[PDB]
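Below you will find one chain, with nothing else, as structure tokens; this is the form deposited in one PDB entry, and questions on how it binds or moves follow later.
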């Protein structure tokens, strides 16, 4: 594909290097396509990137729907979502590239904008889990949005800043966390 092989080499470059480490010269070299092509659906580098973020956030949110049935209760969905977070091939592997990118465009205006419709997909998962959990007496949480946001970020932290120690310790810690967290809501 054309408008898609671009996004493909893109996602990869952004992961295998950094947000800046990969420049348009590169995309149009490994994806092969006149600089112009990169101008339709992608009105900028921050578009090509803020684009992939949406795909990714989606591919994951979907993989999660197709894997969350293994969780009978929400207290179980909480643990599961967090544990899966550690192993997907989606979204979470671009957290570094995002940190970077948000430190080099957070000045522009449309930065804190797209980072809204996207931030809502991101904390959705927890939102559903914590809300559906009040309807299920599992716990009682007045400020759901707060907690979703907290949990989403805490988790992303555990996932991102420990991506160096053996996968089994990572999942071990993440569970102790999910454990401590939920025990804090009741």
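Residue numbers count along the first chain shown, from 1.
The form solved in complex with a small molecule exists for this protein as well; it is not shown, and the discussion that follows is about that form.
Exercise. Taking 4.5 angstroms as the cut-off for heavy atoms, does residue 68 touch the small molecule in the bound PDB entry?
Worked result: Taking the distances in the bound PDB entry, the answer for residue 68 is no, it never comes within 4.5 Å of the small molecule.
Exercise. Is there any non-hydrogen atom of residue 85 lying within 4.5 Å of the small molecule in the bound PDB entry?
Worked result: Residue-level check for residue 85: yes, a contact with the small molecule.
Exercise. Within a 4.5 Å heavy atom cut-off, is residue 27 in contact with the small molecule in the bound PDB entry?
Worked result: No, residue 27 sits far enough from the small molecule in the bound PDB entry that none of its heavy atoms falls within 4.5 Å.
For this session: Could you confirm whether residue 43 comes within 4.5 Å of the small molecule in the bound PDB entry, counting heavy atoms only?
Result: No, no contact at 4.5 Å.
Problem set entry | Single option in 155, 147, 48, 129 placed near the small molecule in the bound PDB entry, where near means a heavy atom within 4.5 Å | The residue in contact is 155.
Exercise. Are all three of 59, 63 and 92 close to the small molecule in the bound PDB entry, meaning a heavy atom of each within 4.5 Å?
Worked result: Affirmative, all three are within 4.5 Å.
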